[PDB]
Amino acid sequence: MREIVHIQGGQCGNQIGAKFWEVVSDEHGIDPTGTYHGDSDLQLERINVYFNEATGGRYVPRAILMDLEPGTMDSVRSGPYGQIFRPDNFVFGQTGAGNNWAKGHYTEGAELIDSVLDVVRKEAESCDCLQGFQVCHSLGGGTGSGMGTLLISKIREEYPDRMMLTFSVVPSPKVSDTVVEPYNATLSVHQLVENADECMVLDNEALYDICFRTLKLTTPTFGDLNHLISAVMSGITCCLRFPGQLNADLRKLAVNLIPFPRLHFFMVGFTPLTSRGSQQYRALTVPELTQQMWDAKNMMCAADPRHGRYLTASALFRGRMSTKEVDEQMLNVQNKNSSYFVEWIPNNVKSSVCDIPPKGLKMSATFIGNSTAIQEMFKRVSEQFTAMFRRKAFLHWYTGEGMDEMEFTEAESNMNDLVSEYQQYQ
Amino acid sequence: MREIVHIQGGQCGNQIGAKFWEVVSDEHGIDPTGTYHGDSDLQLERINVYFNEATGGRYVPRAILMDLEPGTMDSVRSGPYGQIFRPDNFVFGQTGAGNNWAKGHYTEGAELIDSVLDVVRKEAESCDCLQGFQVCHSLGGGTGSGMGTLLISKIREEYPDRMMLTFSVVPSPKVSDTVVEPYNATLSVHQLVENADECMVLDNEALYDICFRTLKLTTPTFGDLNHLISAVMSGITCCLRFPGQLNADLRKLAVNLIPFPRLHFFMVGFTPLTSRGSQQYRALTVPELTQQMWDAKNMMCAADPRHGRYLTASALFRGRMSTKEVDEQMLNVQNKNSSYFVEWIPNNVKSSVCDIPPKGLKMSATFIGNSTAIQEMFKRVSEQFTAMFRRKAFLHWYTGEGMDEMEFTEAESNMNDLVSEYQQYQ
Amino acid sequence: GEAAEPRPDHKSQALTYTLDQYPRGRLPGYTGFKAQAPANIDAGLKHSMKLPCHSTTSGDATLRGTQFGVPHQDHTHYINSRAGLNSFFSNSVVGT
Amino acid sequence: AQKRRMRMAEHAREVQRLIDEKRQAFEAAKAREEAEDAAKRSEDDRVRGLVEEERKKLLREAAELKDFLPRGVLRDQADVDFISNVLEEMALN
Amino acid sequence: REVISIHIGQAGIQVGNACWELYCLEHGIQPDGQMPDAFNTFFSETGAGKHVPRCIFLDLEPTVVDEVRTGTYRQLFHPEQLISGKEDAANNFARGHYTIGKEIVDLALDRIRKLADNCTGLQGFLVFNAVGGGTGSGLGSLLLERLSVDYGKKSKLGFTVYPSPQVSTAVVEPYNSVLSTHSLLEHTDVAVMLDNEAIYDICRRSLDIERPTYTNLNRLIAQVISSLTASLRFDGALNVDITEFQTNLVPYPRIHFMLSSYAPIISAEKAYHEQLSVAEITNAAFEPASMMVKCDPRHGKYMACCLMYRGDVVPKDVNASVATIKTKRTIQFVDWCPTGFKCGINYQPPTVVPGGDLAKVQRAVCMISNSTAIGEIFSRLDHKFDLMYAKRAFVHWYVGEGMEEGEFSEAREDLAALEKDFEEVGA
Amino acid sequence: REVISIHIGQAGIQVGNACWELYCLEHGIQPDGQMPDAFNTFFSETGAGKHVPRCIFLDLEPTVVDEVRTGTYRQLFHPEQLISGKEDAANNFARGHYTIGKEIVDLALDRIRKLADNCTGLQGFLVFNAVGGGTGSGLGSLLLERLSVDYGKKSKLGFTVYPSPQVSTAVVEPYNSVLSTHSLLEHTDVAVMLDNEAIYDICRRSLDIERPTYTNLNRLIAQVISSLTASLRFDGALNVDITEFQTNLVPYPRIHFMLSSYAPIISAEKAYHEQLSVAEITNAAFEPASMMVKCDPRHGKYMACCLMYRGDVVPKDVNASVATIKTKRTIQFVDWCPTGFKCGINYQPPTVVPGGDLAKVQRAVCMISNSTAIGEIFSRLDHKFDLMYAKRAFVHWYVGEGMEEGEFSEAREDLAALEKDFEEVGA
Ligand SMILES: Nc1nc2c(ncn2[C@@H]2O[C@H](COP(=O)(O)OP(=O)(O)OP(=O)(O)O)[C@@H](O)[C@H]2O)c(=O)[nH]1
Ligand SMILES: Nc1nc2c(ncn2[C@@H]2O[C@H](COP(=O)(O)OP(=O)(O)OP(=O)(O)O)[C@@H](O)[C@H]2O)c(=O)[nH]1
Ligand SMILES: Nc1nc2c(ncn2[C@@H]2O[C@H](COP(=O)(O)OP(=O)(O)O)[C@@H](O)[C@H]2O)c(=O)[nH]1
Ligand SMILES: Nc1nc2c(ncn2[C@@H]2O[C@H](COP(=O)(O)OP(=O)(O)O)[C@@H](O)[C@H]2O)c(=O)[nH]1
Ligand SMILES: [Mg+2]
Ligand SMILES: [Mg+2]
């Protein structure tokens, strides 16, 4: 009934989405070849949301891969669960943007984005009742940020009445993979606050800290980071796929967490996350999940919430749990750390339960908090933008392509009033 | 019962007919040796429409191959389903015309058309209740166009009541093989508008585009192009050969698509057409077939139908399907693309359903739209014709054979008045 | 050629499955997956769970409620209109 | 009492025996379609057998000019084994 | 008492192919032809242990007729009855009325004569045809006019299939529908419309069948026909013959076009769950959500109503239910008929067909009404007929066939006269 | 006599899922719908050996609805009743009151109309909804509005779930509660509050269940409703109907908010170790440890109380116990109601459902009272409503749906007027 169309842009989006479809298919019991092999009847009721039966048990994912270099496409087709995507959904350029937001938004977008729009159009009319779109991309690269953001703008002006989630990794000084990170991030956030409904910030620094302390992994390659991100995405849309005592749809989460149309940047966490060495000494109850949820070292952003205040927060529980224990636990965690919450909003925590745990565990959770500490991350990026833009560094590759200077000044102004109003409400 | 006599002309007609009788023989389940080997009863009761039981179960086609060079006959006889024709039906001159309409219409026809008329007559009274004739030829060649056109005139002189189909290919400047394409095609069209009953226009440009885009073939030889055209012709006369929930014969389609006696040039499309790598990644529904039908990138002419209006349209469906879905899809396409249709005729869509799908598929469809976008193609030819005829290029090859200049002026006049009356009804 | 056995009426034979007009025990509402393919159809009848199960709590509670059935009760204090008020009115005199 | 009760019982019986027949009808139609599907699949497999034997013959006649060859003519390691087998057969000949 | 049924056109004999299947299942006649007196009105008893129907199929295209000839009912129909020409009329009224009709109609009516001489207590004829096509329309009208000159007094019930407003399969169907109606006015006595969109809506809404085909349509049309002739076939508490519709529903010689409806059209699960009674089906048979013709009688005023009740019916509650309808104000009548109803009750409940979708019900209602909503329908068809005739589209088919503009213009003004008639009578 | 029960929202139909479970388990109906006369008030008998409940579950998200369509009671409930939308209102009063309500409630109305027509002695409606959500608040009030304009004079027993002071799941529920109360005031005749924190404390202390889910809550809520309708299903020494709460409990046409309670909430083991009589449960019905709403009657004054009694209860000791209550001074009445009790006795004890933790008690009391602590609750809700409203938080969602500030300001001052009304009647 309710439908989610999935869009992956750039290298980060394609690899994350790859591990995303692996986790989804394993929850719905569909084998990597594309046929059903599950057991439970609960898994069949809600595959119309993510898949389409083509003919003879073949379920195709409702996803669209969009990039410019075939290297990511081959990394997708090589790995397992790679032969399931529809080959027509591999709409794909040839040249490559390469960390140039202007190349992602003005030159190559003008011939690739009409094509991907037509594919998305076909995929959207193939279903009946759209719930929203789900877009995964990065903010540092060029072929992900600029192209994906234009796609967001086109879709938002096309279907204005549908929800839209966007998962974006953001740059940090300690994880500085490319050099024009601020020049790409500032223009992308400028467009996202005016187009996207809500975003969930990600970064590689927090994921590496998670793999260091909580997971205690030896070699955290990109596969494990994408595994965590995939687990989060499955956790949030678990409600549309499975019944529970208290269902909370995507729009219900948005309206419970967004007090103002511009304050839609959330920090995300996932529990339980313990090393296999300590999984033997641990307990699995609601308080044990909560006191790992509300820890600052479990957020997947580089924004220490205890340096700010929480506006609103939400918890999505999965597994057979007692709601009294859930709610009294939320009351206790709001009363104890009362200073860290905003004061002019009572009952800052939305809670919901679904009666299907993820495969391999008995009970899990997903934390989505709309704090004000995110202005530290925006201030951290805007100060680097200022340091470059006062002196016109690296600018001419953008200027000589069609972009002018007032676009950069506009992005600065909007970031500055954005951090101003986060600080205001703090 | 109702009878369809087949007539093939020229190199294009012979090779098109070879693949055509290949696919009809596969539909009726008769082997390349001429004996029945099918399974269903349904394939027995309607083979007299195309074949004659000779003795010992030899079912020979009711066709007449006609050309002037034995090279085409040998290419026909070489491949399988080549030794199923009656050698008496191989009426065949000896000199060869070679892209000269005057040769194929005044010099060589004078000694060949008598024998062709003898063979087609004996083949006509051999069966009882004629439905009509079915001609497959070209408009670029000499022995195809000129001889076939003269044969059309002689036949319409003798038997004026029977129907008449002409699958004729027209030349395109993008795929232009011979130089005298306009000189031949213009004179042939001048005679087709007054003698034929309806002409289903084809071309190779649109076919090559189809196999590039949709089929994604690597080496599209003439075999695949003739395969598509044969699939078209089997689709247009599936109604006689098989019982259905709503039947539509040749005359029934003619009266539903021809609103004016000179307005009888159709464009055709065939569905479903999908690449082999993606054939299993798709559904098979009526909306899915309809989206592929009404795509402008699926007509078999080099005339964008969205550059004009449809006067009428027809859809012959094959397969066990729900009539409600058939008509609602037709209602959807008549409402969603409402501007592309003529206003002073409501209900511009004729539909029909046959109960036997083509071999290898589950459900297929054939589109026959009588649009006014065909005047673009005739202008695309007539502008070349006027460019030469302003200047008597190549004219002496026709002048020195009997043809005079008034024939060219008359051909210009009829071409111009036709495109003007199409322009009027637009 | 000799039709000893009459043609089996494909037009009626195609209705129940090829057009999928027959619902496999599904209510006129119930927006869910129809599994319009033979492999999935035959795999659906091998489902271990079979809808209501001890997995979801809303189903498990009703299952535990109907585990024993309707044990027993006494119908003394149940109000009987059949005794007093429906006994005044009778059926047709002649009999129907 | 008897007349009305037996009428209701008869009606329940007829409704039940009707529902069961409808279900059985669906079973039969699905089975018939499945038989047709198996037939078509087996036919296609039979055709594939012939195309494979023909490819084997082409490879046998290509085995002679082993050193001069384009990039890809060996589909898999089993094909390499077959080409080495026919190579040794030529060596025997 | 006997009544014979003729079937014309591609749609006609498919309707008959479902209808006779229902009759054999109702009278317990096996498809080979023998039972393992009520049947007498439809089957004549030849030989010994053999009944052969009082029907005639006729068509110009032999493909669907010899589909019947090879179908399951080979031995049931007399080989001669199934008439079939050589070639189709091809959506052409002129072709099916002047060129090919002239050779086929004589064979048909010179058969029907000897069918009537076989019969003794002939109530009348009932015709099954679709006016959109060429076969159903052309020699349909030709057959009706030669039957009227042959018998005259005997009633001719015409169950026609008019084309839907927005749903359409043909293109020239306005020309055919107008040219067929121009003779359907003054030849048939009692004409019942039934559309396809209305039935599609019925099967989608009530029967929850998301992908219906023509077979389901023909199945419930047979339900309607059987339910309105069951008064002749079986003895009920209050029976009604075929001559009754001739009087009780036609107040004017040129106003005879009856809307039809049926209730309860119900699935297999909903029927058992709900509590079927007389009141709610008397209500449901009046909402446009259950009419066989896509038109809203809220715009119109009922001229007369006729209610066939089958099965579990006492006259009291039907009497009370029609009373509540009359005292309600959701629908109104013309000022001319205070007694605007005719009831009719039969005892035998409607039967079920294996493979059918309708569950067995204790009682059902088939309503045949008359109103001015049909007057809205004809004006709707007249509008889009004038659209195509203004540009002289498709006319060359008919004139080259042999006709002229004379009958085009006069059929146009004939529907104009009928429009003035309905508007005058509705006041 | 019959009463129909409609359920709106996620919490509504879950409570009904427990409610109809208990009903069939009391009247001896199998989950498939046939017996292996008191059912007449809840189940109407279709045909014979088949019962279909007088209820409509409706909601906008189809998840919980088709969970019901596929639970144990597939055959019990009827197909048309379980109405389902296509997408959820998502904790948005405006989205449930203007966007989606306008499409779904007219279908609900002409459904409930033929439910009433199938009914004979309709006592009234009783609705189940939670005001914290968007579905139960928005279109629930929309349905109550159009029901009031349809019938008006018939009672509408509203059992709504108010949000707890401290235990809460939503964040926009103050907005939803205020907007819903603004219409629940002048539509609902008798509205009973049922919080969650109070029941949580009941399950924590009395039922000694330390990890309770919504299942146990809905079970005992269904137990109270059955205890409240027992007077209609069964005969007692002194019975009441559903119109009795209309007169005996509502002093002023805008003060209709009742505090509910039940006693004895006793587990299976404490009962074996404890004694049951009338005096102690008549006491235990007043202590806030047995109430269904987190409030303190020690701070308020009672207007009027009601006492339903089930089981082996003689009238002498209920009379003596209420006498001792009136002469005691721990609780005080208002000076304008000297006689402040409404008693009712029924013979049948409360049955138990297997799997529940309620013991089989010989007798039980269901108290429904009126006080001014509800005025304290409303003030506490309005205060935290104003806190969020002063910064115009979340308003952009409602005005994005199409609403404005006018209804916020008028609902705010309406509850202020209700606050003043409670304070002036309390004096
Ligand atoms: N309800 C219903 N309508 C049908 C059926 N078959 C055909 N029709 C209608 O008939 C109309 C066209 O006429 P046909 O019966 O198909 O053909 P015809 O009347 O015999 O005329 P010809 O095609 O010249 O033979 C279409 O608009 C269909 O709506 C059927 O089985 N059921
Ligand atoms: N006692 C009890 N309360 C419930 C139950 N389910 C939900 N609730 C309450 O309902 C409130 C929110 O309304 P819901 O019913 O959950 O949702 P809704 O009213 O349908 O509105 P939507 O979420 O938009 O569908 C929550 O605060 C819960 O306290 C239940 O099973 N038992
Ligand atoms: N976690 C994770 N991050 C990735 C992966 N691939 C790329 N990234 C991030 O993407 C950022 C650079 O963006 P880029 O991949 O160049 O985007 P694109 O060029 O537009 O596709 C780097 O900071 C990486 O951290 C991956 O597989 N996993
Ligand atoms: N599609 C298709 N076109 C063909 C084929 N053979 C020839 N043609 C077209 O026919 C035209 C030449 O016609 P030609 O063979 O010379 O006709 P003829 O000389 O009168 O027999 C060329 O433009 C070709 O594109 C064929 O097998 N398939
Ligand atoms: Mg026909
Ligand atoms: Mg809800």
# chains A, B, ... in the order shown; residues from 1 in each chain; ligands from 1
>>> closest_atom_pairs(of="chain F", to="chain A", cutoff="6 Å", atoms="only C-alpha atoms", output="tab-separated table")
residue	atom	partner	partner_atom	distance
F:90	CA	A:252	CA	4.3
F:169	CA	A:350	CA	5.2
F:170	CA	A:350	CA	5.2
F:171	CA	A:347	CA	5.8
F:211	CA	A:322	CA	5.4
F:212	CA	A:322	CA	5.5
F:213	CA	A:322	CA	4.6
F:387	CA	A:344	CA	5.7
F:388	CA	A:345	CA	5.6
F:393	CA	A:259	CA	5.4
F:394	CA	A:259	CA	4.6
>>> write_last_selection(atoms="N, CA, C and O atoms", output="mmCIF file, in the first residue's frame")
data_model
loop_
_atom_site.group_PDB
_atom_site.id
_atom_site.type_symbol
_atom_site.label_atom_id
_atom_site.label_comp_id
_atom_site.auth_asym_id
_atom_site.auth_seq_id
_atom_site.Cartn_x
_atom_site.Cartn_y
_atom_site.Cartn_z
ATOM 1 N N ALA F 90 -1.284 10.476 10.959
ATOM 2 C CA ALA F 90 0.047 10.771 11.478
ATOM 3 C C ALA F 90 0.023 11.913 12.491
ATOM 4 O O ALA F 90 0.653 12.952 12.307
ATOM 5 N N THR F 169 3.528 9.381 24.997
ATOM 6 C CA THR F 169 4.171 8.819 23.821
ATOM 7 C C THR F 169 4.279 9.794 22.664
ATOM 8 O O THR F 169 5.216 9.688 21.874
ATOM 9 N N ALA F 170 3.351 10.732 22.542
ATOM 10 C CA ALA F 170 3.370 11.717 21.473
ATOM 11 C C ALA F 170 3.780 13.073 22.029
ATOM 12 O O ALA F 170 3.862 13.277 23.240
ATOM 13 N N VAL F 171 4.037 14.008 21.121
ATOM 14 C CA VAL F 171 4.525 15.317 21.526
ATOM 15 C C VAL F 171 3.527 16.385 21.106
ATOM 16 O O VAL F 171 3.468 17.466 21.700
ATOM 17 N N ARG F 211 5.706 -6.247 33.990
ATOM 18 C CA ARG F 211 5.967 -5.881 32.599
ATOM 19 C C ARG F 211 4.673 -5.997 31.808
ATOM 20 O O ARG F 211 4.471 -6.960 31.058
ATOM 21 N N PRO F 212 3.769 -5.030 31.952
ATOM 22 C CA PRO F 212 2.511 -5.072 31.207
ATOM 23 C C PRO F 212 2.596 -4.342 29.879
ATOM 24 O O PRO F 212 3.248 -3.306 29.742
ATOM 25 N N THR F 213 1.935 -4.911 28.886
ATOM 26 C CA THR F 213 1.800 -4.305 27.578
ATOM 27 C C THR F 213 0.390 -3.751 27.424
ATOM 28 O O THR F 213 -0.396 -3.716 28.372
ATOM 29 N N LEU F 387 2.146 26.419 26.841
ATOM 30 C CA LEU F 387 3.602 26.491 26.834
ATOM 31 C C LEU F 387 4.149 26.269 25.435
ATOM 32 O O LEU F 387 5.013 27.016 24.967
ATOM 33 N N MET F 388 3.657 25.240 24.751
ATOM 34 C CA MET F 388 4.098 24.995 23.384
ATOM 35 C C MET F 388 3.545 26.035 22.429
ATOM 36 O O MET F 388 4.193 26.365 21.431
ATOM 37 N N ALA F 393 4.975 26.710 18.133
ATOM 38 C CA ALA F 393 5.617 25.466 17.742
ATOM 39 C C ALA F 393 4.613 24.531 17.090
ATOM 40 O O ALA F 393 3.454 24.456 17.504
ATOM 41 N N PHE F 394 5.058 23.836 16.049
ATOM 42 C CA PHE F 394 4.285 22.824 15.339
ATOM 43 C C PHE F 394 3.062 23.385 14.637
ATOM 44 O O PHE F 394 2.324 22.631 13.999
#
>>> select_by_dssp(residues="chain D", states="alpha helix (DSSP H)", output="ChimeraX atom specification")
/D:2-62,77-92
>>> atom_distance(atom1="atom CA of residue 62 of chain D", atom2="atom CA of residue 80 of chain B")
25.4 Å
>>> residues_near_ligand(ligand="ligand 5", cutoff="12 Å", atoms="only C-alpha atoms and all ligand atoms", output="ChimeraX atom specification")
/B:239,244-249,251-253,352 /E:8-14,58-65,87-93,96,129-140,169-170,173
>>> interface_residues(of="chain E", to="chain F", cutoff="12 Å", atoms="only C-alpha atoms", output="list in words")
residues 205, 206, 208, 266, 267, 268, 269, 270, 271, 272, 273, 274, 275, 276, 277, 278, 279, 280, 281, 283, 284, 361 and 362 of chain E
>>> residues_near_ligand(ligand="ligand 4", cutoff="6 Å", atoms="only C-alpha atoms and all ligand atoms", output="ChimeraX atom specification")
/B:10-12,15-16,98-99,138,140-145,177,204,222,225-226
>>> closest_residue(among="F:238, F:282, F:120, F:367", to="residue 324 of chain F", atoms="only C-alpha atoms")
F:282
>>> interface_residues(of="chain C", to="chain E", cutoff="8 Å", atoms="only C-alpha atoms", output="number ranges by chain")
C: 3, 6-9, 11-12, 16, 19-21, 27-28
>>> residues_around(residues="segment 326-328 of chain F", least_positions_apart="3", cutoff="12 Å", atoms="only C-alpha atoms", output="JSON, numbers by chain")
{"F": [282, 283, 302, 305, 319, 320, 321, 322, 323, 331, 332, 333, 338, 339, 340, 341]}
>>> write_last_selection(atoms="N, CA, C and O atoms", output="JSON list (two decimals), in the first residue's frame")
[["chain", "number", "residue", "atom", "x", "y", "z"],
["F", 282, "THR", "N", -17.20, -1.72, 47.97],
["F", 282, "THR", "CA", -17.82, -0.41, 47.91],
["F", 282, "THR", "C", -16.88, 0.67, 48.41],
["F", 282, "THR", "O", -16.88, 1.78, 47.88],
["F", 283, "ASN", "N", -16.06, 0.35, 49.41],
["F", 283, "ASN", "CA", -14.99, 1.26, 49.79],
["F", 283, "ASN", "C", -13.92, 1.32, 48.71],
["F", 283, "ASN", "O", -13.57, 2.40, 48.23],
["F", 302, "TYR", "N", -17.41, 15.62, 44.73],
["F", 302, "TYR", "CA", -18.19, 14.80, 43.83],
["F", 302, "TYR", "C", -19.50, 15.47, 43.46],
["F", 302, "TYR", "O", -20.15, 16.12, 44.30],
["F", 305, "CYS", "N", -22.45, 10.06, 41.51],
["F", 305, "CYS", "CA", -21.74, 8.81, 41.30],
["F", 305, "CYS", "C", -22.71, 7.73, 40.84],
["F", 305, "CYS", "O", -23.92, 7.82, 41.06],
["F", 319, "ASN", "N", -26.87, -1.15, 50.36],
["F", 319, "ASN", "CA", -27.53, -0.01, 50.98],
["F", 319, "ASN", "C", -26.81, 0.40, 52.26],
["F", 319, "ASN", "O", -26.57, 1.59, 52.49],
["F", 320, "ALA", "N", -26.47, -0.57, 53.10],
["F", 320, "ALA", "CA", -25.77, -0.23, 54.33],
["F", 320, "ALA", "C", -24.39, 0.35, 54.05],
["F", 320, "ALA", "O", -23.94, 1.24, 54.76],
["F", 321, "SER", "N", -23.71, -0.15, 53.01],
["F", 321, "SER", "CA", -22.37, 0.34, 52.72],
["F", 321, "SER", "C", -22.40, 1.77, 52.22],
["F", 321, "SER", "O", -21.62, 2.61, 52.68],
["F", 322, "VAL", "N", -23.30, 2.08, 51.29],
["F", 322, "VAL", "CA", -23.38, 3.46, 50.81],
["F", 322, "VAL", "C", -23.84, 4.37, 51.94],
["F", 322, "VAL", "O", -23.47, 5.55, 51.98],
["F", 323, "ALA", "N", -24.62, 3.85, 52.88],
["F", 323, "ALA", "CA", -24.98, 4.64, 54.05],
["F", 323, "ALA", "C", -23.75, 5.01, 54.86],
["F", 323, "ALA", "O", -23.57, 6.17, 55.24],
["F", 331, "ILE", "N", -14.60, 11.73, 52.19],
["F", 331, "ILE", "CA", -15.03, 12.24, 50.90],
["F", 331, "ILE", "C", -16.28, 13.07, 51.11],
["F", 331, "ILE", "O", -17.13, 12.74, 51.94],
["F", 332, "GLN", "N", -16.38, 14.16, 50.36],
["F", 332, "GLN", "CA", -17.46, 15.11, 50.53],
["F", 332, "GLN", "C", -18.15, 15.36, 49.20],
["F", 332, "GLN", "O", -17.51, 15.36, 48.15],
["F", 333, "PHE", "N", -19.45, 15.57, 49.27],
["F", 333, "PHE", "CA", -20.23, 15.85, 48.07],
["F", 333, "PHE", "C", -20.34, 17.35, 47.86],
["F", 333, "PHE", "O", -19.86, 18.16, 48.64],
["F", 338, "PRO", "N", -27.90, 16.51, 47.24],
["F", 338, "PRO", "CA", -27.95, 15.76, 48.51],
["F", 338, "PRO", "C", -27.89, 14.27, 48.32],
["F", 338, "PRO", "O", -27.14, 13.58, 49.03],
["F", 339, "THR", "N", -28.64, 13.73, 47.36],
["F", 339, "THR", "CA", -28.56, 12.31, 47.02],
["F", 339, "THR", "C", -27.64, 12.16, 45.82],
["F", 339, "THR", "O", -27.98, 12.54, 44.70],
["F", 340, "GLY", "N", -26.46, 11.60, 46.05],
["F", 340, "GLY", "CA", -25.44, 11.60, 45.03],
["F", 340, "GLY", "C", -25.05, 10.24, 44.49],
["F", 340, "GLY", "O", -23.95, 10.07, 43.96],
["F", 341, "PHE", "N", -25.93, 9.25, 44.61],
["F", 341, "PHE", "CA", -25.61, 7.91, 44.16],
["F", 341, "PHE", "C", -26.66, 7.39, 43.20],
["F", 341, "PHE", "O", -27.84, 7.75, 43.28]]
>>> interface_residues(of="chain D", to="chain E", cutoff="9 Å", atoms="only C-alpha atoms", output="mmCIF file with N, CA, C and O atoms, in the first residue's frame")
data_model
loop_
_atom_site.group_PDB
_atom_site.id
_atom_site.type_symbol
_atom_site.label_atom_id
_atom_site.label_comp_id
_atom_site.auth_asym_id
_atom_site.auth_seq_id
_atom_site.Cartn_x
_atom_site.Cartn_y
_atom_site.Cartn_z
ATOM 1 N N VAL D 15 -23.971 -25.117 0.719
ATOM 2 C CA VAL D 15 -22.976 -24.052 0.642
ATOM 3 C C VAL D 15 -21.575 -24.613 0.840
ATOM 4 O O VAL D 15 -20.628 -24.231 0.137
ATOM 5 N N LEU D 18 -20.366 -26.499 -2.083
ATOM 6 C CA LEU D 18 -20.057 -25.588 -3.176
ATOM 7 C C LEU D 18 -18.697 -24.925 -3.005
ATOM 8 O O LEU D 18 -17.923 -24.826 -3.968
ATOM 9 N N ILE D 19 -18.411 -24.440 -1.799
ATOM 10 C CA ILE D 19 -17.119 -23.811 -1.544
ATOM 11 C C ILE D 19 -15.991 -24.793 -1.822
ATOM 12 O O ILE D 19 -14.964 -24.440 -2.424
ATOM 13 N N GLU D 21 -16.002 -27.269 -3.935
ATOM 14 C CA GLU D 21 -15.841 -27.459 -5.373
ATOM 15 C C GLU D 21 -15.112 -26.286 -6.002
ATOM 16 O O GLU D 21 -14.283 -26.473 -6.896
ATOM 17 N N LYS D 22 -15.423 -25.066 -5.569
ATOM 18 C CA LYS D 22 -14.714 -23.910 -6.111
ATOM 19 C C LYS D 22 -13.221 -24.000 -5.819
ATOM 20 O O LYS D 22 -12.380 -23.762 -6.702
ATOM 21 N N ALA D 25 -11.665 -26.536 -8.021
ATOM 22 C CA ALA D 25 -11.556 -26.015 -9.377
ATOM 23 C C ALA D 25 -10.305 -25.171 -9.528
ATOM 24 O O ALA D 25 -9.573 -25.285 -10.521
#
>>> interface_residues(of="chain B", to="chain A", cutoff="9 Å", atoms="only C-alpha atoms", output="ChimeraX atom specification")
/B:277-278,280-284,288
>>> write_last_selection(atoms="N, CA and C atoms", output="compact mmCIF listing (two decimals), in the first residue's frame")
# COMPACT_ATOMS: atom_id res chain seq x y z
N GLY B 277 18.44 -9.75 -21.66
CA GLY B 277 18.96 -9.66 -20.31
C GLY B 277 17.97 -9.12 -19.31
N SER B 278 16.93 -8.43 -19.77
CA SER B 278 15.92 -7.84 -18.90
C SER B 278 14.55 -8.45 -19.13
N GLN B 280 13.30 -11.13 -17.95
CA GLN B 280 12.75 -11.70 -16.73
C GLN B 280 12.66 -10.70 -15.59
N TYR B 281 13.09 -9.45 -15.81
CA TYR B 281 13.01 -8.41 -14.80
C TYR B 281 11.74 -7.58 -14.91
N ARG B 282 10.73 -8.07 -15.61
CA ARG B 282 9.56 -7.26 -15.90
C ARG B 282 8.30 -8.05 -15.63
N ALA B 283 7.21 -7.32 -15.42
CA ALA B 283 5.89 -7.91 -15.33
C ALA B 283 5.33 -8.10 -16.74
N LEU B 284 4.13 -8.67 -16.81
CA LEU B 284 3.36 -8.72 -18.06
C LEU B 284 1.91 -8.36 -17.76
N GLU B 288 1.28 -2.33 -18.65
CA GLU B 288 2.66 -2.41 -19.10
C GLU B 288 2.74 -2.50 -20.61
